[PDB]
Amino acid sequence: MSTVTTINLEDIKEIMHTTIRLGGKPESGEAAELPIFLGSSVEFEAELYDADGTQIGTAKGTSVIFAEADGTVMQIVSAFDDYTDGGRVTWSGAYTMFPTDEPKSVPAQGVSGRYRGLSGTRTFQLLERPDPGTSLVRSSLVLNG
Amino acid sequence: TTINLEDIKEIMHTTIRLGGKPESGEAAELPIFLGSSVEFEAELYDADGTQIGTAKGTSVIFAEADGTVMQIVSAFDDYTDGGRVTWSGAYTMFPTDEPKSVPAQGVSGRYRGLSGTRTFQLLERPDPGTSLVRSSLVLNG
Ligand SMILES: CC[C@@H]1C/C(C)=C/[C@@]2(C)[C@H](C)C[C@]23NC(=O)C(=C3O)C(=O)[C@@]2(C)[C@@H]3CCC[C@H](O)[C@H]3C=C[C@H]2C[C@H]1O
Ligand SMILES: CC[C@@H]1C/C(C)=C/[C@@]2(C)[C@H](C)C[C@]23NC(=O)C(=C3O)C(=O)[C@@]2(C)[C@@H]3CCC[C@H](O)[C@H]3C=C[C@H]2C[C@H]1O
């Protein structure tokens with residue numbers, strides 16, 4: 001709950017390369033013996049820019065689609081940011097999928113560099129998909145502690 | 001400073017959803033499948049039976065390019081001495097009875113600012129809502 005130090009990174013421009021798999025019913029192996037489904041998944045790598053076009057870091061992570069008990073469609077992500085000043089911020093959580101163009105967020109944790117020991121929120125919002133491989137995302141990071 | 005919680009015993013309550021193809025709503029208009037998911041809550045015990053905390057999270061099934069079936073988890077422990085440790089990552093589904101681990105981040109209490117690894121291994125599944133797990137946490141920095 002303590003918020004002695006604040007880090008507030010706003011207006012991050014996140015150019016994200018998305019590798020997308022459809023998923024579905026497993027085709028072979030051990031998994032085909034079970035009544036499971038492989039969720040659609042997004043493996044992503046992104047460059048992070050400030051509003052001047054200066055790179056401030058990179059991000060990397062995986063998202064998978066699932067549904068909550070009432071049937072609300074969700075995505076779960078595990079990811080981290082590496083910033084140019086030499087520290088890492090992890091972020092992971094579940095967020096509602098629809099609408100796909102509203103802001104999403106999950107909790108974030110600073111693990112090294114100036115971020116260490118600080119916690120808060122990583123946000124991301126899809127602005128456009130210039131091609132099936134690419135997402136232009138507007139992001140922000142708020143950490144305190 | 002390093003924290004090494006060995007030999008945690010986890011009594012975990014699992015709600016499983018099988019997922020599948022969406023058949024109504026916005027999702028049915030898109031090329032997607034809902035992966036099988038495990039929502040869980042667990043009580044964490046030391047090797048004496050004393051409760052030291054609780055864990056909560058979700059795991060979801062997916063596959064990597066070469067076809068390896070994986071699970072991705074996002075979770076956190078709240079330890080009774082006041083601190084929280086988040087943990088998340090992807091691990092191989094098979095074999096289902098070997099130890100798995102993902103990265104962990106201490107965020108409050110004596111854990112704040114330390115990072116490392118959360119480990120978990122299935123011991124028994126008496127019913128589809130219940131998993132007995134053997135676990136470990138280590139953090140440093
Ligand atoms: C909840 C909506 C998300 C929010 C968002 C920005 C998330 C990410 C940054 C996530 C951390 C990695 C990510 N990047 C992504 O671009 C993304 C991702 O999950 C998508 O899911 C995708 C392609 C979708 C896939 C399935 C078929 C869909 O047709 C597809 C469409 C758009 C986004 C939807 C996104 O707007
Ligand atoms: C990859 C093996 C995991 C590792 C493990 C212990 C993981 C957890 C602690 C995870 C953090 C939540 C968890 N607990 C779980 O009990 C669990 C889990 O994902 C399962 O996947 C489950 C039931 C499965 C579900 C689908 C249908 C399967 O039939 C089912 C079988 C057993 C485990 C498999 C586990 O042995």
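Lettering of chains follows the sequences in order, A, B, ..., and the numbering in each one begins at 1. In what follows, every heavy atom counts, from backbone to side chain, and hydrogens, waters and symmetry copies are set aside.
The parts of A:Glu30 that come within reach of chain B are both its backbone and its side chain, each placing non-hydrogen atoms under 4.5 angstrom from that chain. For A:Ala69, the parts sitting under 4.5 Å from any heavy atom of chain B are the backbone and the side chain alike. Using a 4.5 Å cut-off between heavy atoms, A:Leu34 contacts chain B through its side chain alone, with no backbone atom that close. When heavy atoms are compared at a cutoff of 4.5 Å, B:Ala90 does not approach chain A at all. Contact annotation for B:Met70: neither backbone nor side-chain heavy atoms come within less than 4.5 Å of a heavy atom of chain A. Neither the backbone nor the side chain of A:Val106 comes within less than 4.5 Å of any heavy atom in chain B. Only the side chain of A:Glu43 comes within less than 4.5 Å of a heavy atom in chain B; its backbone stays farther off.
Interface check for chain A: of the options B:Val60, B:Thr58, B:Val107, the most heavy-atom pairs under 4.5 Å are formed by B:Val60. Ranked by non-hydrogen atom pairs under 4.5 Å with chain A, the options B:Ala63, B:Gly19, B:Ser59, B:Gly106 are led by B:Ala63. When A:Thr19, A:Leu22, A:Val73 are compared by the number of non-hydrogen pairs under 4.5 Å with chain B, A:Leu22 comes out ahead.
For A:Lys104 and A:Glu102, the salt-bridge test passes: some basic side-chain N is under 4.0 Å from an acidic carboxylate O.
Residues B:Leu5 and B:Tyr79 form a side-chain contact, since some pair of their non-hydrogen atoms from C-beta on lies under 4.5 Å apart. When side chains are defined from C-beta on, B:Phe33 does not count as touching A:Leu38, because their heavy atoms never get closer than 4.5 Å. Under the 4.5 Å side-chain criterion, counting only non-hydrogen atoms from C-beta, B:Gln105 is not in contact with A:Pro107.
Within a 6.0 Å sphere centred on CZ of B:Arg125, heavy atoms belonging to other residues, nucleotides or ligands number more than 12.
B:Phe120 and B:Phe40 have their aromatic ring centers separated by at least 6.0 angstrom.
Atom OG of residue A:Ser140 and atom CZ of residue A:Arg122 lie 8.0 Å apart, to the nearest 0.5 angstrom.
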